[PDB]
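S.K.: Below you'll find entry18.cif; it's mmCIF, C-alpha atoms.
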```
data_run
#
loop_
_atom_site.group_PDB
_atom_site.id
_atom_site.type_symbol
_atom_site.label_atom_id
_atom_site.label_comp_id
_atom_site.auth_asym_id
_atom_site.auth_seq_id
_atom_site.Cartn_x
_atom_site.Cartn_y
_atom_site.Cartn_z
ATOM 1 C CA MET A 355 59.134 105.732 -66.014
ATOM 2 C CA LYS A 356 57.795 102.447 -64.657
ATOM 3 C CA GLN A 357 55.643 103.612 -61.724
ATOM 4 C CA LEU A 358 53.613 104.974 -64.636
ATOM 5 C CA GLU A 359 53.615 101.563 -66.316
ATOM 6 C CA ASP A 360 52.402 99.709 -63.230
ATOM 7 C CA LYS A 361 49.718 102.367 -62.786
ATOM 8 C CA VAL A 362 48.529 101.914 -66.304
ATOM 9 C CA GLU A 363 48.276 98.153 -66.020
ATOM 10 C CA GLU A 364 46.523 98.518 -62.678
ATOM 11 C CA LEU A 365 44.014 100.922 -64.346
ATOM 12 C CA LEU A 366 43.408 98.722 -67.405
ATOM 13 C CA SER A 367 42.455 95.910 -65.041
ATOM 14 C CA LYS A 368 40.120 98.104 -63.008
ATOM 15 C CA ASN A 369 38.548 99.312 -66.304
ATOM 16 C CA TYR A 370 38.041 95.714 -67.452
ATOM 17 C CA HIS A 371 36.282 94.824 -64.197
ATOM 18 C CA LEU A 372 34.171 97.988 -64.266
ATOM 19 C CA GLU A 373 33.046 97.140 -67.792
ATOM 20 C CA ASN A 374 32.166 93.667 -66.605
ATOM 21 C CA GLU A 375 30.119 95.040 -63.677
ATOM 22 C CA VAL A 376 28.217 97.424 -66.001
ATOM 23 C CA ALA A 377 27.366 94.544 -68.356
ATOM 24 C CA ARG A 378 26.185 92.404 -65.396
ATOM 25 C CA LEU A 379 23.995 95.127 -63.995
ATOM 26 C CA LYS A 380 22.433 95.963 -67.346
ATOM 27 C CA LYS A 381 21.407 92.339 -67.652
ATOM 28 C CA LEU A 382 19.985 92.373 -64.100
ATOM 29 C CA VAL A 383 17.983 95.502 -64.919
ATOM 30 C CA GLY A 384 16.586 93.886 -68.166
ATOM 31 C CA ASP A 385 15.728 90.717 -66.239
ATOM 32 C CA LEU A 386 14.017 92.622 -63.462
ATOM 33 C CA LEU A 387 12.072 94.691 -65.900
ATOM 34 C CA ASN A 388 10.897 91.478 -67.534
ATOM 35 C CA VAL A 389 9.938 90.129 -64.092
ATOM 36 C CA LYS A 390 7.971 93.323 -63.368
ATOM 37 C CA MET A 391 6.070 92.902 -66.660
ATOM 38 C CA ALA A 392 5.121 89.322 -65.804
ATOM 39 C CA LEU A 393 3.994 90.167 -62.275
ATOM 40 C CA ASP A 394 1.997 93.142 -63.482
ATOM 41 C CA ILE A 395 0.186 90.780 -65.828
ATOM 42 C CA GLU A 396 -0.577 88.305 -62.997
ATOM 43 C CA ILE A 397 -1.920 91.046 -60.752
ATOM 44 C CA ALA A 398 -3.980 92.482 -63.539
ATOM 45 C CA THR A 399 -5.559 89.089 -63.997
ATOM 46 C CA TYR A 400 -6.457 88.795 -60.332
ATOM 47 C CA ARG A 401 -7.782 92.350 -60.065
ATOM 48 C CA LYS A 402 -9.885 92.017 -63.169
ATOM 49 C CA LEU A 403 -11.345 88.773 -61.795
ATOM 50 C CA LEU A 404 -11.912 90.299 -58.352
ATOM 51 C CA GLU A 405 -13.612 93.330 -59.892
ATOM 52 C CA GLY A 406 -16.227 91.229 -61.646
ATOM 53 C CA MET B 355 56.778 109.270 -71.428
ATOM 54 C CA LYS B 356 53.992 111.815 -71.521
ATOM 55 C CA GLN B 357 52.003 109.234 -73.456
ATOM 56 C CA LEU B 358 51.936 107.183 -70.232
ATOM 57 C CA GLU B 359 50.636 110.263 -68.434
ATOM 58 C CA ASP B 360 47.984 110.720 -71.091
ATOM 59 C CA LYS B 361 46.959 107.052 -70.765
ATOM 60 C CA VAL B 362 46.837 107.258 -66.989
ATOM 61 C CA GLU B 363 44.597 110.384 -67.289
ATOM 62 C CA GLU B 364 42.400 108.686 -69.875
ATOM 63 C CA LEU B 365 41.893 105.566 -67.758
ATOM 64 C CA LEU B 366 41.253 107.315 -64.487
ATOM 65 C CA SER B 367 38.673 109.391 -66.415
ATOM 66 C CA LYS B 368 36.979 106.429 -68.158
ATOM 67 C CA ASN B 369 36.925 104.510 -64.843
ATOM 68 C CA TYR B 370 35.358 107.447 -62.973
ATOM 69 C CA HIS B 371 32.507 107.569 -65.533
ATOM 70 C CA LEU B 372 32.052 103.786 -65.451
ATOM 71 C CA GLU B 373 31.808 103.948 -61.640
ATOM 72 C CA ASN B 374 29.121 106.661 -61.945
ATOM 73 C CA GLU B 375 27.214 104.327 -64.305
ATOM 74 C CA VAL B 376 27.642 101.388 -61.954
ATOM 75 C CA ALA B 377 26.147 103.486 -59.132
ATOM 76 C CA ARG B 378 23.184 104.538 -61.330
ATOM 77 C CA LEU B 379 22.466 100.913 -62.330
ATOM 78 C CA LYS B 380 22.681 99.688 -58.752
ATOM 79 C CA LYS B 381 20.116 102.333 -57.751
ATOM 80 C CA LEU B 382 17.809 101.253 -60.583
ATOM 81 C CA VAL B 383 18.223 97.621 -59.490
ATOM 82 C CA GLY B 384 17.364 98.526 -55.895
ATOM 83 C CA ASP B 385 14.325 100.406 -57.132
ATOM 84 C CA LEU B 386 13.155 97.454 -59.245
ATOM 85 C CA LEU B 387 13.761 95.089 -56.389
ATOM 86 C CA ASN B 388 11.442 97.173 -54.196
ATOM 87 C CA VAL B 389 8.752 97.307 -56.889
ATOM 88 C CA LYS B 390 9.050 93.505 -57.109
ATOM 89 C CA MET B 391 8.652 93.026 -53.336
ATOM 90 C CA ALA B 392 5.388 95.052 -53.336
ATOM 91 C CA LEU B 393 4.035 93.146 -56.294
ATOM 92 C CA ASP B 394 5.048 89.806 -54.838
ATOM 93 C CA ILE B 395 3.215 90.381 -51.561
ATOM 94 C CA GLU B 396 0.029 91.455 -53.399
ATOM 95 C CA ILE B 397 0.092 88.359 -55.585
ATOM 96 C CA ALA B 398 0.926 86.082 -52.628
ATOM 97 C CA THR B 399 -2.017 87.551 -50.721
ATOM 98 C CA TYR B 400 -4.482 86.934 -53.545
ATOM 99 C CA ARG B 401 -3.192 83.347 -53.862
ATOM 100 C CA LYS B 402 -3.831 82.954 -50.188
ATOM 101 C CA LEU B 403 -7.273 84.578 -50.044
ATOM 102 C CA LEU B 404 -8.658 83.145 -53.299
ATOM 103 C CA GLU B 405 -6.841 79.875 -53.770
ATOM 104 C CA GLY B 406 -5.944 78.747 -50.270
ATOM 105 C CA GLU B 407 -2.218 78.937 -51.234
ATOM 106 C CA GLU B 408 0.260 79.606 -48.458
ATOM 107 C CA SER B 409 3.843 80.277 -49.725
#
```
Can you give me the file's structure in the form of structure tokens?

M.R.:
Amino acid sequence: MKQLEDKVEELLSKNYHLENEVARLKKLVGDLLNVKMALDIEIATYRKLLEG
Amino acid sequence: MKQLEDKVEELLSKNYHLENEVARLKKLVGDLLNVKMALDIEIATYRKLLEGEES
């Protein structure tokens, strides 16, 4: 029952790559949320200064 | 034998849910990228108006 064996190895590889992609995107989300925090701080500085 | 069938079922199922998660994350990324673009243009404009900074 090989066709089954090839399918399983094919699926284990896809699973490994999907786990990789999930890890990559989580990091990109953390990094972007950190970026948002820093920009929000810069804008707050400007707005506060512009306000008076 | 039937174990192979069970493993095939398990993997197709785990992969389906990982794909769903990948799609969710990519939407969140796209959303954060758009929030960043709006913030960037606001900051770039203040730099220009107040500091004489062009990109």

S.K.: Please find the residues of chain A near chain B - the criterion being any atom within 9 Å, counting all atoms listed in the file - and write them as a CSV table (one decimal) with C-alpha atoms, in the coordinates of the input.

M.R.:
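The resulting selection-v1.csv:
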```csv
chain,number,residue,atom,x,y,z
A,355,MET,CA,59.1,105.7,-66.0
A,358,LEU,CA,53.6,105.0,-64.6
A,359,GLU,CA,53.6,101.6,-66.3
A,361,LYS,CA,49.7,102.4,-62.8
A,362,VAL,CA,48.5,101.9,-66.3
A,365,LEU,CA,44.0,100.9,-64.3
A,366,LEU,CA,43.4,98.7,-67.4
A,368,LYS,CA,40.1,98.1,-63.0
A,369,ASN,CA,38.5,99.3,-66.3
A,372,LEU,CA,34.2,98.0,-64.3
A,373,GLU,CA,33.0,97.1,-67.8
A,375,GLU,CA,30.1,95.0,-63.7
A,376,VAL,CA,28.2,97.4,-66.0
A,379,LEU,CA,24.0,95.1,-64.0
A,380,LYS,CA,22.4,96.0,-67.3
A,382,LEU,CA,20.0,92.4,-64.1
A,383,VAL,CA,18.0,95.5,-64.9
A,386,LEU,CA,14.0,92.6,-63.5
A,387,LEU,CA,12.1,94.7,-65.9
A,389,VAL,CA,9.9,90.1,-64.1
A,390,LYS,CA,8.0,93.3,-63.4
A,393,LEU,CA,4.0,90.2,-62.3
A,394,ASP,CA,2.0,93.1,-63.5
A,396,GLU,CA,-0.6,88.3,-63.0
A,397,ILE,CA,-1.9,91.0,-60.8
A,400,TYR,CA,-6.5,88.8,-60.3
```

S.K.: Around all the atoms of segment 394-405 of chain B listed in the file, draw an axis-aligned box and extend it by 6 Å on each of the six sides; I want its centre and edge lengths in Å to one decimal, as JSON.

M.R.:
```
{"center_x": -1.8, "center_y": 85.7, "center_z": -52.8, "size_x": 25.7, "size_y": 23.6, "size_z": 17.5}
```

S.K.: Please compute the atom CA of residue 403 of chain B-atom CA of residue 401 of chain A distance, one decimal, in Å.

M.R.: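 We find that atom CA of residue 403 of chain B and atom CA of residue 401 of chain A lie 12.7 Å from each other.
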